[PDB]
Amino acid sequence: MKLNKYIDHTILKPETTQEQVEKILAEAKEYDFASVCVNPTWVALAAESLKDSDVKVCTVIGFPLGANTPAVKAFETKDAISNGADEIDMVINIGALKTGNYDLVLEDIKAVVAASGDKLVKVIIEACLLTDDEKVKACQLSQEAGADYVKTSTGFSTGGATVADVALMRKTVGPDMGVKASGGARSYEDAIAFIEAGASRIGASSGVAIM
Amino acid sequence: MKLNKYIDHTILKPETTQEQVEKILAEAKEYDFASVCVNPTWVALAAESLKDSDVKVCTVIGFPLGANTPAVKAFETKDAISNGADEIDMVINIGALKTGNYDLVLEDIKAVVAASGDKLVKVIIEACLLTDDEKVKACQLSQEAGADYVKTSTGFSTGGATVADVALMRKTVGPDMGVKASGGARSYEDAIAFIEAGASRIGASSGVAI
């Protein structure tokens, strides 16, 4: 089985300083978390702090609005990986998905996956701006582009993960692609509620959850 | 008497659809605004719509958190300009400025200006997350890196432009670098209030006023 290797220890506020990032890295090594999630500007720093641990380095791409061009997303993924990243959470082009531009949405994710290398790629759908049908379509599109995970939220919008959304995403995408619940889960029962819902990973700043 | 050329007609929300941007473009052509401000994915479309007009195309880089690497910011600017962009609002590395990493901040802005070309670059400082001294320092650093403007806000944080912040910024950058008040901005009197405090530009979504 598994235990806390469901947790991505996350710090992403724009005003986050190095000492804060370092306290996050400390906490991550201490409770052997799955990874830390930081903005690109800290990936290098995180890498060198997290070598000699099984704690991977996770960063976010086209974050949190996902309204960058596919080329730019690709170059930022290649740059993050060349800096130490072991995982990539991109934000789907929500505007394109809302227009009906499935071609561009798919081209978008595929550019990131093509620049991925051998690295794990999660696609943030941000379920709170979508209809149920658009959640389904987003998961299908991310999986058609051949990505590794679908993530519910950037935590910078109106809502985070809901159990119903996690379930819908899991029913949609199957049990061989992952689903990360990434919003407003701040306590142990929240985490197990999400895990029992279908979630293989959890994003949060609250590593210290019953633990 | 007459504010249309002070206005960047802006739409930046993540869920923005093509019809919404096309309406923003329509209104921009209609009241002859200074420019439109959209995310990179819409630059091509805006460019082709604003062809044959007095309305420039503005987009945003490292938006709205400014926590990307300098390399990617330079690349995104070079891509935006390669798509049709005429003006670039980059976000300062707020976290680095908060650490004390003035070198990385300056390196960041300098990278963006280096890929700028002959194009106008505005630097968003995000004055709602800074102390007064940090607003000043952000402006000084953005002016030494040789950018063309300082902008108050990304409209995606806790606060927007205040008259005190604009005034302080103009005082810092002298009167030949620009100052854009963003996220004020809801009325005619709001706009002239920001202009009289020393803004050469205004960002808002309520351009239609008047």
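Residues numbered from 1 in each chain as written, not as in the entry; some residues may be left out. Chains lettered and ligands numbered in written order. Heavy atoms only, no water.

S.K.: How should I be thinking about the overall build of chain A in this particular structure?
M.R.: Summing up its helical and strand segments, chain A has eight helices and eight strands in all. Taken against the 2.2 N^0.38 rule, which gives 17 Å for 211 residues, the C-alpha radius of gyration of chain A at 16 Å falls within 12% of a compact globule. Across its three principal directions, the C-alpha atoms of chain A cover 45 × 35 × 30 Å. Considering only intrachain contacts with a sequence separation of at least 6, the fraction spanning at least 24 residues in chain A is 66%. Summed over its atoms, the accessible surface of chain A is roughly 8,400 Å², and 50% of this surface lies on carbon and sulfur atoms. (Helix = DSSP H or I, 4+ residues; strand = E, 2+ residues; numbered from the N terminus. Rg over C-alpha atoms; globule rule 2.2 N^0.38 Å. Contact = heavy atoms within 4.5 Å. Areas by Shrake-Rupley, 256 points an atom, 1.4 Å probe, with all protein chains shown as cover.)

S.K.: Can you walk me through the UniProt feature "active site" (unreviewed entry) in chain A in this structure?
M.R.: Residue and element names in this part refer to chain A. The sites that carry the UniProt feature "active site" (unreviewed entry) are, in the present numbering, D89, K151 and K180. Spanning 92 residues, the named residues form one tight spatial group whose C-alpha atoms are at most 10.3 Å apart. Within the secondary structure, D89 is located in strand β4 (residues 87–91). With sequence-adjacent residues up to four places away left out, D89 is seen in contact with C37, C58, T59, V60, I61, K122, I124, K151 and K180. Among the secondary structure elements, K180 is positioned in strand β7 (residues 178–181). Given the relative accessible area of 0%, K180 is considered buried. Among all residues touching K180, those that are not within four sequence positions of it are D8, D89, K122, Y149, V150, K151, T152, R201, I202 and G203. A distance of 2.6 Å separates polar atoms of two side chains, one belonging to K180 and the other to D8. (UniProt positions renumbered as here; feature names shortened; annotations may be inferred. Buried < 20%, exposed > 50% of the residue type's maximum accessible area, 1.4 Å probe, protein only. Polar contact = N/O pair within 3.5 Å; in protein donor to acceptor, adjacent residues only side chain to side chain.)

S.K.: Can you help me understand the packing of aromatic side chains in this one?
M.R.: Pairs of aromatic rings are described using the distance from one ring centre to the other and the angle between the two planes. Residue and element names in this part refer to chain A. A full pass over the atoms with the stated rule returns five aromatic pairs over all chains. Seen in terms of ring centroids, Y31 and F33 are 5.8 Å apart; in terms of plane orientation they differ by 10°. Their pairing is stacked. Residues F63 and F156 carry aromatic rings whose centres are separated by 5.3 Å and whose planes lie at 85° to one another, so their mutual orientation is edge-to-face. Linking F63 in the loop between β3 (56–61) and α3 (70–82) with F156 in the loop between β6 (149–151) and α7 (163–173), this pair joins segments that are 93 residues apart in sequence. Judged by relative accessible area, which is 8%, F63 ranks as buried. Here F156 falls in the partly exposed class, since its relative accessible area comes to 35%. (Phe/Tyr/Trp six-rings, centres within 6.5 Å; stacked < 30°, edge-to-face > 60°.)

S.K.: Just checking my understanding: could you explain the pairing of β4 of chain A for this structure?
M.R.: Successive residues of a regular strand alternate their side chains across the two faces of the sheet. Most of β4 of chain A is tucked away: five of the five residues are buried. Residues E87, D89 and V91 of chain A line one face of β4 of chain A and the alternating positions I88 and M90 of chain A line the opposite face, and both faces are buried.

S.K.: In this structure, what is going on with the UniProt feature "active site" (unreviewed entry) in chain B? I would like to understand it.
M.R.: Residues and elements named next belong to chain B. Here, the residues flagged by UniProt with the feature "active site" (unreviewed entry) are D89, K151 and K180. Counting through the fold element by element, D89 comes out in strand β4 (residues 87–91). With residues near it in sequence (within four places) discarded, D89 still touches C37, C58, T59, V60, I61, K122, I124, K151 and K180. Relative to the helices and strands, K151 is located in strand β6 (residues 149–151). Aside from chain neighbours lying at most four places away, what touches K151 is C37, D89, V123, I124, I125, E126, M169, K180 and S182.

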